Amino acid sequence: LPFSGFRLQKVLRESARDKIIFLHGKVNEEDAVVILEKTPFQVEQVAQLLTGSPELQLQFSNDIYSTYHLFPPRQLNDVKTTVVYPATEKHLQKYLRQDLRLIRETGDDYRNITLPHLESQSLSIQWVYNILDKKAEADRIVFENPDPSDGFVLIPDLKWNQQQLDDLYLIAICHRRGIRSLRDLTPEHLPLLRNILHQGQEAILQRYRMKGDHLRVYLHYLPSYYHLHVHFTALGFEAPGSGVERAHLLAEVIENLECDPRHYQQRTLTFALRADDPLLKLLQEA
């Protein structure tokens, strides 16, 4: 660990459905957030285990049904662990359990209300520029188009432990700066968006043997961070923000802009916002 002596302060969030926990702890006594998530199963190793001597412990039995506790060997026990240190107050609110509300943001709303709210915020995306500038994660890059205007870096997302294809998850981060979200897209960006889609899919084919009809390829709105990026996920993975209230398919985004240059300037977008988000109030009053 990059610190010593974690002291619990608050379980920020806890999900039995996702088997994931978000903890705020004090260290070096400085705030840190530790995220722990049980990992996906490896089917061949589990099968191999079931045909041997697995450590089982019968909970109950009812004729054809029986429920056990299983304690696999060390290799099958991997827990996905993410540390954010030093953590800011942003991070402590961000990962907290809150209730979401749906909101329909018109094209006027965006430029008059949402954009000025975003522009009033001082956001950190140094991790994004570290990837682009080859300061971090240089040799994790699966593909890069180095053109400053229409180029991008395709790289595994932090969520993905990379140990199985079932939850395959890569992000494409564009080299061009100042494109914050889906709202900023015009026909100017068609060649970049097309590069991401078609070059992103070929790289994933060549690297992972995953065909394009196996990929759900989308952007988030609202995004979690404001530097345009596209998510490449296995269709069988119920991936983060893949619901219709957040995910916008790249193929569709390209075609929307081809039919109507002002699409993402003019059209109402629908998305979820946290109850304690000041943006939610500002949109509700306008």
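Position 1 is the first residue in the sequence shown; the rest follow in order. What we label the rigid core is the largest C-alpha set whose atoms superpose within 1.5 Å from one form to the other.
**Q** Line up the rigid core: which moves more in 5 other deposited structures of this protein, 125-133 or 68-76, by C-alpha RMS?
**A** With the rigid core fitted, 68-76 is the stretch that strays more in 5 other deposited structures of this protein.
**Q** Which is farther from the shown form in 5 other deposited structures of this protein in C-alpha RMS with the core fitted, 244-252 or 41-49?
**A** The more displaced stretch in 5 other deposited structures of this protein turns out to be 41-49.
**Q** Should residue 29 be counted as unmodelled in at least a third of the other PDB entries compared?
**A** Result for residue 29: often missing, at least a third of the compared entries.
**Q** What number of deposited residues lacks coordinates in the span between residue 29 and residue 30: none, 1 to 3, 4 to 9, or 10 or more?
**A** Some 4 to 9 residues are missing between them.
**Q** Taking only the CA atoms, which stretch has the higher mean B-factor in the record, 95-103 or 196-204?
**A** According to the PDB entry, the answer is 95-103.
**Q** Test of understanding: from the entry's C-alpha B-factors, which stretch has the higher mean, 67-75 or 186-194?
**A** Between 67-75 and 186-194, it is 67-75.
**Q** Going by the deposited entry, which of 58, 33, 234, 251 has the highest CA temperature factor?
**A** Within the set 58, 33, 234, 251, 58 shows the top C-alpha B-factor.
**Q** From the list 49, 217, 222, 244, select the residue with the highest C-alpha B factor recorded in the entry.
**A** Top of the list by C-alpha B-factor: 49.
**Q** Residue 256's Cα B-factor: lowest, middle or highest third of the chain?
**A** Its C-alpha B-factor, which the entry lists for residue 256, ranks in the middle third among residues of this chain.
**Q** Using the B-factors in the PDB entry, rank residue 152's C-alpha atom against the chain and give the third, lowest, middle or highest.
**A** According to the entry, residue 152 has a C-alpha B-factor in the chain's lowest third.
**Q** Splitting the chain's C-alpha B-factors into thirds, which one does residue 42 fall into?
**A** Middle third.
**Q** Is the Cα B-factor recorded for residue 139 in the lowest, middle or highest third of its chain?
**A** According to the entry, residue 139 has a C-alpha B-factor in the chain's middle third.
**Q** Quick check for you: using the entry's CA B-factors within this chain, is residue 113 in the lowest, middle or highest third?
**A** According to the entry, residue 113 has a C-alpha B-factor in the chain's highest third.
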